[PDB]
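The structure file input-v2.csv is reproduced below (CSV, C-alpha atoms and all ligand atoms).
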chain,number,residue,atom,x,y,z
A,20,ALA,CA,159.3,60.2,-69.8
A,21,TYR,CA,158.5,60.5,-66.0
A,22,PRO,CA,160.0,57.6,-64.0
A,23,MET,CA,157.2,55.3,-62.9
A,24,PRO,CA,157.1,55.4,-59.1
A,25,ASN,CA,157.3,52.3,-57.0
A,26,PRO,CA,154.7,51.3,-54.3
A,27,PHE,CA,155.4,52.5,-50.8
A,28,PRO,CA,153.9,51.1,-47.5
A,29,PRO,CA,151.1,53.4,-46.2
A,30,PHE,CA,151.4,54.6,-42.6
A,31,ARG,CA,150.1,57.2,-40.1
A,32,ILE,CA,152.3,60.3,-40.1
A,33,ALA,CA,150.7,62.0,-37.0
A,34,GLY,CA,147.2,62.6,-35.6
A,35,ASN,CA,144.7,61.8,-38.4
A,36,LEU,CA,147.1,62.4,-41.3
A,37,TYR,CA,148.3,59.3,-43.3
A,38,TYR,CA,150.7,58.7,-46.1
A,39,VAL,CA,149.1,56.9,-49.0
A,40,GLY,CA,151.6,57.7,-51.8
A,41,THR,CA,154.5,56.1,-53.6
A,42,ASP,CA,158.2,56.2,-53.2
A,43,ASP,CA,158.3,59.5,-55.1
A,44,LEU,CA,154.9,61.1,-55.8
A,45,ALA,CA,153.5,61.9,-52.3
A,46,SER,CA,149.8,61.5,-51.5
A,47,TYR,CA,148.1,62.1,-48.1
A,48,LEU,CA,144.8,60.9,-46.5
A,49,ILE,CA,143.1,62.9,-43.8
A,50,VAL,CA,140.6,60.7,-41.9
A,51,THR,CA,137.6,62.2,-40.2
A,52,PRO,CA,134.3,61.0,-38.7
A,53,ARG,CA,132.5,62.6,-41.7
A,54,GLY,CA,134.8,61.0,-44.4
A,55,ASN,CA,138.3,61.4,-45.8
A,56,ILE,CA,140.3,64.0,-47.7
A,57,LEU,CA,142.8,62.9,-50.3
A,58,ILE,CA,145.8,65.1,-51.4
A,59,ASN,CA,147.5,64.3,-54.9
A,60,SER,CA,146.0,61.9,-57.4
A,61,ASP,CA,149.4,61.3,-59.0
A,62,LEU,CA,149.6,59.5,-62.3
A,63,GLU,CA,146.7,57.5,-63.7
A,64,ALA,CA,148.8,54.4,-63.1
A,65,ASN,CA,149.0,55.3,-59.4
A,66,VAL,CA,145.2,55.6,-58.8
A,67,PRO,CA,144.9,51.8,-58.1
A,68,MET,CA,148.0,52.1,-55.8
A,69,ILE,CA,146.4,54.9,-53.8
A,70,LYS,CA,143.1,52.9,-53.5
A,71,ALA,CA,145.1,49.9,-52.3
A,72,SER,CA,147.0,52.0,-49.8
A,73,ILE,CA,143.8,53.5,-48.4
A,74,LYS,CA,142.3,50.0,-48.0
A,75,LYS,CA,145.5,48.6,-46.5
A,76,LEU,CA,145.1,51.1,-43.7
A,77,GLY,CA,141.5,49.8,-43.1
A,78,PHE,CA,139.8,52.8,-44.7
A,79,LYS,CA,137.2,52.8,-47.5
A,80,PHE,CA,138.1,54.3,-50.9
A,81,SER,CA,134.3,55.2,-51.2
A,82,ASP,CA,134.7,57.4,-48.1
A,83,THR,CA,136.9,59.9,-50.1
A,84,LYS,CA,134.8,63.1,-49.9
A,85,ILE,CA,137.3,65.7,-51.0
A,86,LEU,CA,140.2,65.7,-53.5
A,87,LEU,CA,143.0,68.3,-53.2
A,88,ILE,CA,146.3,68.8,-55.0
A,89,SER,CA,149.7,70.4,-54.3
A,90,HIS,CA,149.8,72.0,-57.8
A,91,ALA,CA,148.5,71.6,-61.4
A,92,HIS,CA,151.2,69.3,-63.0
A,93,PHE,CA,150.5,65.8,-64.4
A,94,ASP,CA,152.7,64.1,-61.7
A,95,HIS,CA,150.3,65.4,-58.9
A,96,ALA,CA,147.0,65.8,-60.7
A,97,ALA,CA,146.7,63.3,-63.7
A,98,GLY,CA,144.7,60.8,-61.7
A,99,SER,CA,142.0,63.3,-60.6
A,100,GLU,CA,139.3,62.4,-63.2
A,101,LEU,CA,139.6,58.7,-62.3
A,102,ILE,CA,139.3,59.4,-58.6
A,103,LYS,CA,136.2,61.6,-59.2
A,104,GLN,CA,134.7,58.8,-61.4
A,105,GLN,CA,135.4,56.1,-58.8
A,106,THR,CA,134.5,58.0,-55.6
A,107,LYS,CA,132.5,61.1,-56.5
A,108,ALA,CA,134.9,63.1,-54.3
A,109,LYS,CA,134.6,66.9,-54.6
A,110,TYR,CA,137.7,68.4,-56.4
A,111,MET,CA,138.9,71.7,-55.0
A,112,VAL,CA,141.7,73.7,-56.6
A,113,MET,CA,143.4,77.1,-56.1
A,114,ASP,CA,142.0,79.7,-58.4
A,115,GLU,CA,145.3,80.4,-60.3
A,116,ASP,CA,145.7,76.7,-61.2
A,117,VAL,CA,142.0,76.0,-62.3
A,118,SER,CA,142.6,76.8,-66.0
A,119,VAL,CA,145.4,74.1,-66.2
A,120,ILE,CA,143.1,71.5,-64.5
A,121,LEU,CA,140.1,72.3,-66.8
A,122,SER,CA,142.4,72.2,-69.9
A,123,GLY,CA,144.3,69.1,-68.9
A,124,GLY,CA,147.6,71.0,-69.2
A,125,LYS,CA,146.9,72.8,-72.5
A,126,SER,CA,146.9,76.3,-70.8
A,127,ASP,CA,150.1,75.7,-68.8
A,128,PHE,CA,152.3,78.8,-68.9
A,129,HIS,CA,155.3,76.7,-69.6
A,130,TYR,CA,154.2,73.2,-70.9
A,131,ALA,CA,151.2,74.2,-73.2
A,132,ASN,CA,153.2,72.9,-76.3
A,133,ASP,CA,154.5,69.7,-74.6
A,134,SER,CA,151.9,67.0,-75.1
A,135,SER,CA,153.8,64.6,-72.9
A,136,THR,CA,152.6,66.8,-69.9
A,137,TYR,CA,148.9,66.7,-70.8
A,138,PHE,CA,146.4,64.8,-68.6
A,139,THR,CA,142.6,64.1,-68.5
A,140,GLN,CA,140.4,67.1,-68.2
A,141,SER,CA,138.2,67.4,-65.1
A,142,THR,CA,135.9,69.9,-63.5
A,143,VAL,CA,136.6,71.7,-60.3
A,144,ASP,CA,133.8,71.6,-57.7
A,145,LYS,CA,135.2,74.4,-55.5
A,146,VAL,CA,137.6,77.1,-56.5
A,147,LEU,CA,139.9,78.0,-53.6
A,148,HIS,CA,141.8,81.2,-52.7
A,149,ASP,CA,144.8,82.1,-50.6
A,150,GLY,CA,144.3,81.4,-46.9
A,151,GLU,CA,140.9,79.6,-47.5
A,152,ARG,CA,140.1,76.6,-45.2
A,153,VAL,CA,139.0,73.2,-46.2
A,154,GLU,CA,137.0,71.7,-43.3
A,155,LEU,CA,135.6,68.2,-42.8
A,156,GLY,CA,134.5,66.5,-39.6
A,157,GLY,CA,136.2,69.1,-37.5
A,158,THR,CA,139.6,68.8,-39.3
A,159,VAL,CA,140.8,72.1,-40.8
A,160,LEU,CA,143.3,72.4,-43.6
A,161,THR,CA,144.5,75.8,-44.9
A,162,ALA,CA,145.4,76.5,-48.5
A,163,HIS,CA,148.4,78.8,-48.8
A,164,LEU,CA,149.2,80.3,-52.2
A,165,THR,CA,152.9,79.8,-52.8
A,166,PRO,CA,153.2,80.5,-56.5
A,167,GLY,CA,156.0,80.3,-59.0
A,168,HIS,CA,156.4,76.6,-59.7
A,169,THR,CA,152.8,76.9,-60.9
A,170,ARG,CA,150.6,79.9,-60.9
A,171,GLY,CA,148.4,78.4,-58.2
A,172,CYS,CA,150.8,76.1,-56.3
A,173,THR,CA,149.3,75.4,-52.9
A,174,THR,CA,151.1,74.7,-49.6
A,175,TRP,CA,148.7,72.8,-47.4
A,176,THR,CA,148.8,73.2,-43.6
A,177,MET,CA,147.0,71.7,-40.6
A,178,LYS,CA,147.5,71.3,-36.9
A,179,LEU,CA,148.0,67.7,-35.6
A,180,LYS,CA,147.9,66.4,-32.1
A,181,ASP,CA,150.5,63.6,-31.6
A,182,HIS,CA,151.5,62.0,-28.2
A,183,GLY,CA,149.6,64.8,-26.4
A,184,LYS,CA,151.5,67.6,-28.2
A,185,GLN,CA,150.6,70.1,-31.0
A,186,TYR,CA,152.4,70.3,-34.3
A,187,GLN,CA,151.9,72.3,-37.5
A,188,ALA,CA,152.1,70.0,-40.6
A,189,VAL,CA,153.2,71.7,-43.8
A,190,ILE,CA,152.9,70.0,-47.2
A,191,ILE,CA,155.2,72.2,-49.3
A,192,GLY,CA,153.6,72.4,-52.8
A,193,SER,CA,156.9,73.0,-54.6
A,194,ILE,CA,159.2,76.2,-55.0
A,195,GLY,CA,161.4,74.4,-57.5
A,196,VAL,CA,162.5,76.1,-60.7
A,197,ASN,CA,162.0,73.5,-63.4
A,198,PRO,CA,164.8,73.2,-66.1
A,199,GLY,CA,164.0,75.7,-68.8
A,200,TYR,CA,161.7,78.0,-66.8
A,201,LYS,CA,162.3,81.7,-67.8
A,202,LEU,CA,162.5,84.0,-64.7
A,203,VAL,CA,163.3,87.3,-66.6
A,204,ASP,CA,160.8,88.8,-69.0
A,205,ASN,CA,158.7,85.7,-69.1
A,206,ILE,CA,156.2,86.2,-71.9
A,207,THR,CA,153.3,84.1,-70.6
A,208,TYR,CA,153.8,84.5,-66.8
A,209,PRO,CA,155.5,87.9,-66.3
A,210,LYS,CA,155.2,87.8,-62.4
A,211,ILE,CA,156.9,84.4,-62.2
A,212,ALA,CA,160.0,85.7,-60.3
A,213,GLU,CA,157.9,88.1,-58.1
A,214,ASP,CA,155.7,85.0,-57.3
A,215,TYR,CA,158.7,82.8,-56.2
A,216,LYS,CA,159.9,85.7,-54.1
A,217,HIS,CA,156.6,86.0,-52.4
A,218,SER,CA,156.6,82.2,-51.8
A,219,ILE,CA,160.0,82.5,-50.2
A,220,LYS,CA,158.8,85.2,-47.9
A,221,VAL,CA,155.7,83.2,-46.9
A,222,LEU,CA,157.6,79.9,-46.3
A,223,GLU,CA,160.5,81.5,-44.4
A,224,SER,CA,158.1,83.0,-41.9
A,225,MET,CA,155.9,79.8,-41.6
A,226,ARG,CA,155.8,77.6,-38.5
A,227,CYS,CA,156.8,74.1,-39.8
A,228,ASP,CA,156.9,71.2,-37.3
A,229,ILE,CA,155.9,68.2,-39.5
A,230,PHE,CA,157.8,68.7,-42.7
A,231,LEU,CA,156.1,67.2,-45.8
A,232,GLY,CA,155.9,67.8,-49.6
A,233,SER,CA,154.6,66.9,-53.0
A,234,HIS,CA,157.6,64.6,-53.5
A,235,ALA,CA,159.1,62.1,-51.1
A,236,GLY,CA,162.6,63.3,-51.8
A,237,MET,CA,161.9,66.8,-50.5
A,238,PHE,CA,161.4,65.7,-46.9
A,239,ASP,CA,163.5,62.4,-46.7
A,240,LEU,CA,160.4,60.0,-46.6
A,241,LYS,CA,162.5,56.8,-47.0
A,242,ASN,CA,165.0,57.4,-44.2
A,243,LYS,CA,162.3,58.8,-41.9
A,244,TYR,CA,160.0,55.8,-42.6
A,245,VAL,CA,162.9,53.5,-41.6
A,246,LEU,CA,163.2,55.5,-38.3
A,247,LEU,CA,159.4,55.2,-37.7
A,248,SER,CA,159.5,51.4,-38.3
A,249,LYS,CA,162.3,51.3,-35.7
A,250,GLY,CA,159.9,53.0,-33.2
A,251,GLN,CA,161.6,56.4,-33.1
A,252,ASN,CA,159.6,59.4,-31.6
A,253,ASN,CA,158.0,60.9,-34.6
A,254,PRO,CA,160.8,61.3,-37.2
A,255,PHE,CA,158.4,63.3,-39.3
A,256,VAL,CA,158.6,66.1,-36.7
A,257,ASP,CA,161.5,67.9,-38.3
A,258,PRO,CA,161.4,71.7,-37.9
A,259,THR,CA,165.2,72.0,-38.6
A,260,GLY,CA,164.9,70.1,-41.8
A,261,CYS,CA,161.9,72.2,-42.9
A,262,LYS,CA,163.8,75.5,-42.2
A,263,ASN,CA,166.9,74.2,-44.0
A,264,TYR,CA,164.9,72.9,-47.0
A,265,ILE,CA,163.0,76.2,-47.5
A,266,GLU,CA,166.3,78.1,-47.2
A,267,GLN,CA,168.0,75.8,-49.7
A,268,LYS,CA,165.2,76.2,-52.2
A,269,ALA,CA,165.2,80.0,-51.7
A,270,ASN,CA,169.0,79.9,-52.4
A,271,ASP,CA,168.4,77.6,-55.5
A,272,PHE,CA,165.9,80.2,-56.8
A,273,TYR,CA,168.4,83.1,-56.4
A,274,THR,CA,171.2,80.9,-57.9
A,275,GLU,CA,169.0,80.3,-61.0
A,276,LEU,CA,168.0,83.9,-61.2
A,277,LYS,CA,171.7,84.9,-61.0
A,278,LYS,CA,172.5,82.5,-63.9
A,279,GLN,CA,169.7,83.9,-66.0
A,280,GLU,CA,170.7,87.6,-65.3
A,281,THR,CA,174.5,87.3,-65.4
A,282,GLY,CA,175.5,83.9,-66.9
B,1,ZN,ZN,155.4,70.5,-60.7
B,2,ZN,ZN,156.2,67.3,-59.1

Same coordinates, now as structure tokens:
Amino acid sequence: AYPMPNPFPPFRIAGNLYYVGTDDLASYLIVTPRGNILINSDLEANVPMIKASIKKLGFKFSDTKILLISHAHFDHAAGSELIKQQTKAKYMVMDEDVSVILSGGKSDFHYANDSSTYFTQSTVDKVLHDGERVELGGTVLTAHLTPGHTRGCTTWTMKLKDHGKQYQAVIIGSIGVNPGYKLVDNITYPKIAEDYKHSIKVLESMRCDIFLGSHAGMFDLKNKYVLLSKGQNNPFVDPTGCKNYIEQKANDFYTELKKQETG
């Protein structure tokens, strides 16, 4: 079973982007004059935690206008129906992952026959596409299709002003190869390996100043938060860590491909 995350103190990352997630499953709040955008609903058990984090920062849960996700797996999206019920936020999802969201996991190319991965069915209010913007109150997020991990895995980007300076924030959706994924002659998702390769090409050439992700461990949340509490100049500005993480995951993909082809 998925390890239950622990609470994590919410904080401002940069500009109008806040962390409202856990010590593992990462969620983000973008605060605008016309309401807020929430990224990742996490597990059903985490929805009260997200609400509490939002309110701890002095914001209103009822001001959540838009709900986005990194990708259509239960650990990022299971809480979405509850959030929609409690806030009436509009749920927007990349085209290629909509089937999984509508089916609560039953159409997943890999986990269709693993009921431990299923989650509450919901409807999608707006279907997104590669390069499409999500705009609220002058804030502009861009959805980048970085497929492989899921068919519609989304890497979210935005530009943030921090201490008078401009930074591109990148929330890496995931380019991990899960244990058991088949990369050669995949029966349900034949383009899986081509998709990962495309994601690698996109991410390797992407400007990345503020390095974030769907999981805390991708981007060193805990150690960076400690630096932030100590008053360090934005430790979440980490272009070198971003470059190195993308390169590591690209290498991990090719390592797994080598194992499947030659091992
Ligand atoms: Zn996943
Ligand atoms: Zn995950």

Using all atoms listed in the file, which residues sit within 12 Å of residue 199 of chain A once same-chain residues fewer than 4 positions away are excluded, as an mmCIF file with C-alpha atoms, keeping the file's coordinate frame?
data_model
loop_
_atom_site.group_PDB
_atom_site.id
_atom_site.type_symbol
_atom_site.label_atom_id
_atom_site.label_comp_id
_atom_site.auth_asym_id
_atom_site.auth_seq_id
_atom_site.Cartn_x
_atom_site.Cartn_y
_atom_site.Cartn_z
ATOM 1 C CA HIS A 129 155.300 76.700 -69.600
ATOM 2 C CA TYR A 130 154.200 73.200 -70.900
ATOM 3 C CA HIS A 168 156.400 76.600 -59.700
ATOM 4 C CA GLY A 195 161.400 74.400 -57.500
ATOM 5 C CA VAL A 203 163.300 87.300 -66.600
ATOM 6 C CA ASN A 205 158.700 85.700 -69.100
ATOM 7 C CA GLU A 275 169.000 80.300 -61.000
ATOM 8 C CA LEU A 276 168.000 83.900 -61.200
ATOM 9 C CA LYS A 278 172.500 82.500 -63.900
ATOM 10 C CA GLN A 279 169.700 83.900 -66.000
#

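Here atom CA of residue 197 of chain A and atom CA of residue 48 of chain A stand 27.2 Å from one another.
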
> Which residues form the shell of 8 Å around ligand ZN 1 (chain B) when you count only C-alpha atoms and all ligand atoms, given as number ranges by chain?
Replying inline: A: 90-95, 168-169, 193, 195, 197

> Can you tell me, as a VMD selection string, what residues are no more than 8 Å from segment 260-269 of chain A when counting all atoms listed in the file, ignoring any on the same chain fewer than 6 positions away?
Replying inline: chain A and resid 194 to 195 219 222 to 223 227 to 230 237 to 238

> Which distance in Å separates atom CA of residue 233 of chain A and atom CA of residue 157 of chain A, to one decimal?
Replying inline: 24.2 Å

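When only C-alpha atoms are used to measure the gap to residue 161 of chain A, the shortest distance among A:187, A:140, A:259, A:81 belongs to A:187.
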
>> With only C-alpha atoms as the counted atoms, please give the residues lying no more than 9 Å from residue 166 of chain A, apart from itself and same-chain residues fewer than 3 positions off, as a PyMOL selection string.
In response: chain A and resi 115+169-173+192-194+211+214-218

> Which protein, DNA or RNA residues are at most 12 Å from (162.3, 55.0, -46.6) in the file's coordinates when you count all atoms listed in the file, listed as an MDAnalysis selection string?
Replying inline: chainID A and resid 25:30 41:43 235:236 238:249 254:255

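Distance-wise, atom CA of residue 88 of chain A and atom CA of residue 112 of chain A end up 6.9 Å apart.
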
>> Given all atoms listed in the file as the basis, pick out the residue of A:100, A:82, A:63, A:127 nearest to residue 141 of chain A.
In response: A:100

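When all atoms listed in the file are used to measure the gap to ligand ZN 2 (chain B), the shortest distance among A:87, A:57, A:191, A:111 belongs to A:191.
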
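Around segment 177-181 of chain A, within 8 Å and counting all atoms listed in the file, the residues found are residues 33, 34, 35, 36, 159, 160, 161, 186, 187, 188 and 189 of chain A, once anything fewer than 5 positions away on its own chain is removed.
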
>> Let me make sure I understand: among A:221, A:50, A:68, A:62, which one has the smallest atom-to-atom distance to ligand ZN 2 (chain B) if we use all atoms listed in the file?
In response: A:62

>> Can you tell me which residues surround residue 67 of chain A at a distance of at most 12 Å, considering all atoms listed in the file, apart from same-chain residues fewer than 6 positions away, and format the answer as a VMD selection string?
In response: chain A and resid 26 39 to 41 60 to 61 73 to 74 80 98 101 to 102 105

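Minimum distance to residue 153 of chain A across A:250, A:224, A:271, A:175 (counting all atoms listed in the file) occurs at A:175.
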
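Using only C-alpha atoms and all ligand atoms for every distance, the candidate list A:253, A:44, A:117, A:32 yields A:44 as the residue closest to ligand ZN 2 (chain B).
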
Give as a short mmCIF file (atom, residue, chain, number, x, y, z; two decimals) with C-alpha atoms, in the frame of the given file each residue that has an atom at most 6 Å from (139.7, 67.0, -58.4) in the file, counting all atoms listed in the file.
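out.cif, freshly written:
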data_model
loop_
_atom_site.label_atom_id
_atom_site.label_comp_id
_atom_site.auth_asym_id
_atom_site.auth_seq_id
_atom_site.Cartn_x
_atom_site.Cartn_y
_atom_site.Cartn_z
CA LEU A 86 140.20 65.70 -53.50
CA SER A 99 142.00 63.30 -60.60
CA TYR A 110 137.70 68.40 -56.40
CA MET A 111 138.90 71.70 -55.00
CA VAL A 143 136.60 71.70 -60.30
#

N, CA and C atoms restored at segment 108-141 of chain A, emitted as an mmCIF file, in the frame of the given file:
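File written: rebuild.cif
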data_model
loop_
_atom_site.group_PDB
_atom_site.id
_atom_site.type_symbol
_atom_site.label_atom_id
_atom_site.label_comp_id
_atom_site.auth_asym_id
_atom_site.auth_seq_id
_atom_site.Cartn_x
_atom_site.Cartn_y
_atom_site.Cartn_z
ATOM 1 N N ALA A 108 134.332 62.121 -55.218
ATOM 2 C CA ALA A 108 134.900 63.100 -54.300
ATOM 3 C C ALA A 108 134.767 64.516 -54.940
ATOM 4 N N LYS A 109 134.685 65.554 -54.112
ATOM 5 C CA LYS A 109 134.600 66.900 -54.600
ATOM 6 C C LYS A 109 136.065 67.436 -54.817
ATOM 7 N N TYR A 110 136.328 67.952 -56.008
ATOM 8 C CA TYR A 110 137.700 68.400 -56.400
ATOM 9 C C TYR A 110 137.783 69.914 -56.127
ATOM 10 N N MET A 111 138.775 70.309 -55.325
ATOM 11 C CA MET A 111 138.900 71.700 -55.000
ATOM 12 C C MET A 111 140.356 72.117 -55.321
ATOM 13 N N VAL A 112 140.476 73.249 -56.007
ATOM 14 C CA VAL A 112 141.700 73.700 -56.600
ATOM 15 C C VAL A 112 141.854 75.226 -56.480
ATOM 16 N N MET A 113 143.068 75.683 -56.127
ATOM 17 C CA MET A 113 143.400 77.100 -56.100
ATOM 18 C C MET A 113 143.140 77.768 -57.419
ATOM 19 N N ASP A 114 142.453 78.914 -57.341
ATOM 20 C CA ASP A 114 142.000 79.700 -58.400
ATOM 21 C C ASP A 114 143.006 79.775 -59.592
ATOM 22 N N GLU A 115 144.245 80.157 -59.282
ATOM 23 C CA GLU A 115 145.300 80.400 -60.300
ATOM 24 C C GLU A 115 145.646 79.149 -61.085
ATOM 25 N N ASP A 116 145.372 77.946 -60.545
ATOM 26 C CA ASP A 116 145.700 76.700 -61.200
ATOM 27 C C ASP A 116 144.443 76.033 -61.922
ATOM 28 N N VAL A 117 143.247 76.617 -61.781
ATOM 29 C CA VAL A 117 142.000 76.000 -62.300
ATOM 30 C C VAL A 117 142.079 75.861 -63.816
ATOM 31 N N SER A 118 142.592 76.890 -64.514
ATOM 32 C CA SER A 118 142.600 76.800 -66.000
ATOM 33 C C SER A 118 143.427 75.569 -66.427
ATOM 34 N N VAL A 119 144.563 75.301 -65.774
ATOM 35 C CA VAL A 119 145.400 74.100 -66.200
ATOM 36 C C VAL A 119 144.595 72.837 -65.921
ATOM 37 N N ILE A 120 143.894 72.737 -64.795
ATOM 38 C CA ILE A 120 143.100 71.500 -64.500
ATOM 39 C C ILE A 120 142.013 71.339 -65.554
ATOM 40 N N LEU A 121 141.276 72.399 -65.866
ATOM 41 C CA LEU A 121 140.100 72.300 -66.800
ATOM 42 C C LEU A 121 140.650 71.902 -68.229
ATOM 43 N N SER A 122 141.841 72.392 -68.597
ATOM 44 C CA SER A 122 142.400 72.200 -69.900
ATOM 45 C C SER A 122 143.295 70.950 -69.992
ATOM 46 N N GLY A 123 143.479 70.239 -68.868
ATOM 47 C CA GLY A 123 144.300 69.100 -68.900
ATOM 48 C C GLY A 123 145.775 69.416 -69.257
ATOM 49 N N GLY A 124 146.235 70.634 -68.940
ATOM 50 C CA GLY A 124 147.600 71.000 -69.200
ATOM 51 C C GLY A 124 147.774 71.923 -70.431
ATOM 52 N N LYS A 125 146.742 72.055 -71.269
ATOM 53 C CA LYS A 125 146.900 72.800 -72.500
ATOM 54 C C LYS A 125 147.107 74.314 -72.312
ATOM 55 N N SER A 126 146.705 74.865 -71.148
ATOM 56 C CA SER A 126 146.900 76.300 -70.800
ATOM 57 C C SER A 126 148.107 76.556 -69.958
ATOM 58 N N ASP A 127 148.940 75.547 -69.724
ATOM 59 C CA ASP A 127 150.100 75.700 -68.800
ATOM 60 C C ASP A 127 151.020 76.790 -69.365
ATOM 61 N N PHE A 128 151.456 77.713 -68.498
ATOM 62 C CA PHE A 128 152.300 78.800 -68.900
ATOM 63 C C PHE A 128 153.586 78.366 -69.564
ATOM 64 N N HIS A 129 154.064 77.169 -69.191
ATOM 65 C CA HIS A 129 155.300 76.700 -69.600
ATOM 66 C C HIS A 129 155.207 75.486 -70.599
ATOM 67 N N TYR A 130 154.275 74.562 -70.301
ATOM 68 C CA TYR A 130 154.200 73.200 -70.900
ATOM 69 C C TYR A 130 153.026 73.099 -71.907
ATOM 70 N N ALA A 131 152.396 74.229 -72.266
ATOM 71 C CA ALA A 131 151.200 74.200 -73.200
ATOM 72 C C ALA A 131 151.546 73.459 -74.488
ATOM 73 N N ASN A 132 152.795 73.574 -74.974
ATOM 74 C CA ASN A 132 153.200 72.900 -76.300
ATOM 75 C C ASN A 132 153.969 71.650 -76.053
ATOM 76 N N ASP A 133 153.880 71.026 -74.867
ATOM 77 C CA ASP A 133 154.500 69.700 -74.600
ATOM 78 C C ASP A 133 153.434 68.701 -74.256
ATOM 79 N N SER A 134 152.988 67.948 -75.276
ATOM 80 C CA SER A 134 151.900 67.000 -75.100
ATOM 81 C C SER A 134 152.141 65.897 -74.137
ATOM 82 N N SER A 135 153.417 65.647 -73.829
ATOM 83 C CA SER A 135 153.800 64.600 -72.900
ATOM 84 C C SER A 135 153.411 64.995 -71.444
ATOM 85 N N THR A 136 153.006 66.259 -71.237
ATOM 86 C CA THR A 136 152.600 66.800 -69.900
ATOM 87 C C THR A 136 151.100 66.869 -69.766
ATOM 88 N N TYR A 137 150.333 66.543 -70.816
ATOM 89 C CA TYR A 137 148.900 66.700 -70.800
ATOM 90 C C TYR A 137 148.294 65.571 -69.921
ATOM 91 N N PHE A 138 147.086 65.816 -69.423
ATOM 92 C CA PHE A 138 146.400 64.800 -68.600
ATOM 93 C C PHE A 138 144.865 65.015 -68.807
ATOM 94 N N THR A 139 144.085 64.070 -68.297
ATOM 95 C CA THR A 139 142.600 64.100 -68.500
ATOM 96 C C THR A 139 141.997 65.320 -67.882
ATOM 97 N N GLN A 140 141.162 65.991 -68.681
ATOM 98 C CA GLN A 140 140.400 67.100 -68.200
ATOM 99 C C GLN A 140 139.377 66.702 -67.147
ATOM 100 N N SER A 141 139.149 67.609 -66.193
ATOM 101 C CA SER A 141 138.200 67.400 -65.100
ATOM 102 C C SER A 141 137.547 68.738 -64.813
#
